[PDB]
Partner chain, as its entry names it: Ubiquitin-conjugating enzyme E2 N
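Just the one chain here, the form deposited without the partner chain, laid out as structure tokens.
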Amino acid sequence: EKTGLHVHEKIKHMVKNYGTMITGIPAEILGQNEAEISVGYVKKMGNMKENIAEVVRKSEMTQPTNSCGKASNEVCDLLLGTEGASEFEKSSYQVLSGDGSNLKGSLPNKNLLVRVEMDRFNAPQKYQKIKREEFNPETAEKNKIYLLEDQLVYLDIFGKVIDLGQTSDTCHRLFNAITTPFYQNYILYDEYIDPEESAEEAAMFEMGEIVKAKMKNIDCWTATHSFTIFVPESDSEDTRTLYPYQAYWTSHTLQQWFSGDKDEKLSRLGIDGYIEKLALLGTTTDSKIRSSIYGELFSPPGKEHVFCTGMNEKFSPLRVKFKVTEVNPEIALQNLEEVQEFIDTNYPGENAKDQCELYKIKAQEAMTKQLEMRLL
């Protein structure tokens, strides 16, 4: 019927087959925009016409977006209508409790859509010893500790200077103690430092203790991933499954998410199991656990074991914010219907791929045209 499960199958079928066409952006204005931002890339020497065609082909305009938020915005708009998705976006988030109970309770058996935000505790890891008349908070690298002659400050990621509550005399001693050029601009938590070795290293350990202690009451968390979860109404308590939808910034598209059946793969975890893992992401202190689960939940399909390894290990503590609203399947399905109608009307084809090739060809021809207007 107009069952909520049919809303899932329609949006998966359509994002799989059409990709970036789901935005509803007409191909022509797509290519004119991508021409304007690409003028500088076109070679000025030789056969400009081939140089234009080179930039048009190297152009990734018809690839769908891989942005965490943009994809989530897109799913909200289609599933809730254009103003329902603004109400849902403006309302308050809620932090996933340690056991996930507060999310489990937020899921009655109805057509529900969850929006999730993954925050990272991006606390400063480096420091520089600098004289006051050389420290300029607008020029300096953000998210760093700075030890002036008489003050120890935290320059946060937004450019704000937070004093760390030290006396002048404590700072003067630390400032004069750290004499080695290697340590003038260094890291805050070198676990191999031995304070008993020298006054300098003792000052470094001390400063590390001060910054770790003060950073606990400085709760600067940072948004790091965004996704949605469609939870259609099911016939009974056990038939209830959830389907996460996501893209990952610089990593993969929502179309690729559906091409790899990763929603279906993660859906096979059950609701209790998915909330268990999502919660453990925010309570665990084992970075190998944190990295492994982040891979399972959020990696591109088929990369669950390479996503968060080595330099991509998840060392920073994480937290989960969520919010839940109801879905009107008749509204979602007609919203989906109207995108389908526009794709068919303006980019017709026998199969979805031929509709996609017609879009790209229309956009490249607009692009080719706009680039020739600027390089006439």
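Numbering follows the first chain given and starts at 1. For the two forms, the rigid core is made up of the largest set of C-alpha atoms that agree within 1.5 Å on superposition.
Please compare 246-254 with 133-141 and say which has the higher mean C-alpha temperature factor in the record.
Higher mean C-alpha B-factor: 133-141.
Averaged over C-alpha atoms, is the B-factor higher for 306-314 or for 65-73 in this PDB entry?
Looking at the recorded C-alpha B-factors, 306-314 comes out higher on average.
In terms of CA temperature factor as recorded, identify the highest of 358, 367, 25, 15.
That would be 358, according to the entry.
Per the entry's values, where does residue 197 land by CA temperature factor relative to the rest of its chain, in the lowest, middle or highest third?
It belongs to the middle third of the chain when residues are ordered by C-alpha B-factor.
Lowest, middle or highest third: where is residue 221 by C-alpha B factor in its chain?
It belongs to the highest third of the chain when residues are ordered by C-alpha B-factor.
Residue 332 CA temperature factor, ranked by third within the chain
Highest third - that is where residue 332 ends up once the chain's C-alpha B-factors are sorted.
By the record's CA B-factor, is residue 38 among the lowest, middle or highest third of residues in the chain?
Middle third by C-alpha B-factor.
Thinking about Cα B factors across the chain, which third does residue 32 belong to?
Residue 32: CA B-factor falls in the lowest third of its chain.
The same protein also has a form solved in complex with the partner chain, omitted here; what follows describes it.
Under a 4.5 angstroms heavy atom criterion, identify the one residue in 285, 92, 250, 217 near the partner chain in the bound PDB entry.
By the 4.5 Å heavy-atom cutoff, the listed residue in contact is 250.
Of 205, 88, 186, 243, the one that lies within 4.5 Å of the partner chain in the bound PDB entry (heavy atoms)
The residue in contact is 186.
Answer yes if any heavy atom of residue 179 is within 4.5 Å of a heavy atom of the partner chain in the bound PDB entry; otherwise answer no.
Looking in the bound PDB entry, residue contacts with the partner chain do not include residue 179, since no heavy atom lies within 4.5 Å.
Quick check on residue 191: any heavy atom within 4.5 Å of the partner chain in the bound PDB entry?
Answer yes; at least one heavy atom of residue 191 falls within 4.5 Å of the partner chain in the bound PDB entry.
Does the partner chain come within 4.5 Å of any heavy atom of residue 310 in the bound PDB entry?
Flag for residue 310 set to yes.
Partner contact for residue 163 in the bound PDB entry: the partner chain, 4.5 angstroms, heavy atom:
No, residue 163 sits far enough from the partner chain in the bound PDB entry that none of its heavy atoms falls within 4.5 Å.
Assess the spot marked by 126, 201 and 316: is the partner chain within 4.5 Å of a heavy atom from every one of these residues in the bound PDB entry?
Every residue of the candidate spot has a heavy atom within 4.5 Å of the partner chain in the bound PDB entry.
Of 258-266, 146-154, 222-230, 209-217, which is the one stretch near the partner chain in the bound PDB entry, taking non-hydrogen atoms within 4.5 angstroms as near?
Of the options, only 222-230 has residues within 4.5 Å of the partner.
Just to make sure I understand: among 86-122, which residues lie within 4.5 Å of the partner chain in the bound PDB entry, judging by heavy atoms?
Read in sequence order, the lone residue that approaches the partner chain (within 4.5 Å, in the bound PDB entry) is 120.
Can you tell which of 86, 222, 185, 94 moves its Cα by 2 Å or more between the shown form and the other one, with the two forms laid on the rigid core?
It is 185; the other listed residues stay below 2 Å.
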